[PDB]
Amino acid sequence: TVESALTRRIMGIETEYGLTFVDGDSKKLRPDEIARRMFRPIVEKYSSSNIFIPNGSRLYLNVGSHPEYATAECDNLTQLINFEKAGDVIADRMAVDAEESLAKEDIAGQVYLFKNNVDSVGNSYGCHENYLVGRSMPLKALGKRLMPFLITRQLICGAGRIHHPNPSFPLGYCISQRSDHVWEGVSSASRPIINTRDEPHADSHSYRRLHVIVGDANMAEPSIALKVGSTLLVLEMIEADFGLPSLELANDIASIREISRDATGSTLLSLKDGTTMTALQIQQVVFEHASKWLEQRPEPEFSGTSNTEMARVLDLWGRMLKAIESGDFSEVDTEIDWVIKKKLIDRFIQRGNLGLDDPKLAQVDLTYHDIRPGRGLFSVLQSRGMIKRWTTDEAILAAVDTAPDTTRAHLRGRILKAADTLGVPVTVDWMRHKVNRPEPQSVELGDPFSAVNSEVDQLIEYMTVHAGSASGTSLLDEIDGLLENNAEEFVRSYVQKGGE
């Protein structure tokens, strides 16, 4: 049943940003302090650190003290990438505003926001992936098919990091930031790699939400595209009963760190059946079946991820696997984050004959993730053209302002925008949107896919309706405030030459 596969699927990304405030040679502020500084306008306006912005994404201050951006629901991959990048734009704006406000205060520093998973001590913050799935779908299958792919997935989509041991694993370049910590998390008693149990944010009967913590945060758009897209393909294959060999492993986290250490992909995993496979082999099988699936795969009637796009995903996936087996990364050194980072690091090492333990390298490892244009290394690389682009800048810029038209987020956006224009208080959630005053009116959006709801239309109408003398009064006063007090001189002074 090829039709069963969800070609049009709701997906979202949760991004936790590393945050610091530094004068040269020191940190001016505590992370919690600078975080509070950044959210200061938001808290002033809405009286909450946690809010939903007009594009439909959720922006909030984490328990970890991290600024967190959760994308609006997206049914298309390029779309998802656009909004994830949009988060970077918004967050950076917030950072700059914090800098200026502190500067007025005589406090001098630069804000650094990192889209990365680790710190010098070895604490970890993650990028989280959310995929809509049918209620019917079983856990066992997920463990049988999805999990081996996810464990090995770090080879193709990894961001990379340098690992420094404290007085086990030696010093080396690692393809994945998250692997060690995910392992720590599962081993210590305790967060799952995969969870289908948490609230769907969709109608309970129809759907579940699949939560993935394994992935790295990615700077390069192709890396994101590969990471999410491959997962989508695997999910599609599982749904369609396309068949995939069951690769279930005796222990999921057994080889994960080791895989992280080995670029070759030669690491050996023990399957439940008692067979043994290299990680690269696992990737190879999944990829091959995906390749057949694409030919099998029917185009979505509405929206979704096009077969062309999936072809692109498979192209990159293939080139990357090819690179790992071959050992020649020249084809992909623009697309994949760990490869890119490694290339640059290699440049520094060669120029200085530097050791891996060299601080400059660690600095590069961190700053690559810095999201400020013209400061962060990734940005520099993009300016040179060393980085490949999946999507245009302008689409991202559109994404910061407006909600995805295809998904439910669109509706949310409308309300928010209307509210902001009207000046009426509103309370919004993924599923639930309501108008607080004068009389509370609540609409629940069960369907993530639907971009059209009648009740929402009535809600906005209500808001507009409730939206004489006081208005004009305040207005006249405001205009007086705006206008220069000596009017006569202002108008007299204005002089111009005739044009054309």
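Sequential numbering from 1, following the sequence displayed.
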property	result
Count class of coordinate-free deposited residues lying between the neighbours residue 167 and residue 168	4 to 9
Continuity check for residue 121 and residue 122, given as deposited residues lacking coordinates between them	none
Mean temperature factor over C-alpha atoms, higher-scoring stretch between 457-465 and 54-62	457-465
Selected stretch [higher average CA B-factor]: 438-446 or 471-479	471-479
Out of 361, 213, 86, 424, residue topping the C-alpha B-factor column of the entry	424
Peak C-alpha temperature factor (PDB record), options 139, 133, 286, 332	139
Chain third (lowest, middle, highest) by recorded CA B-factor, residue given as residue 265	middle
Chain-wide C-alpha B factor ranking for residue 394, given as lowest, middle or highest third	middle
Residue 190 - Cα temperature factor, lowest/middle/highest third of chain	highest
Ranked against its chain, the third holding the CA B-factor of residue 71	lowest
Third of the chain's Cα B-factor distribution that residue 357 belongs to, per the entry	highest
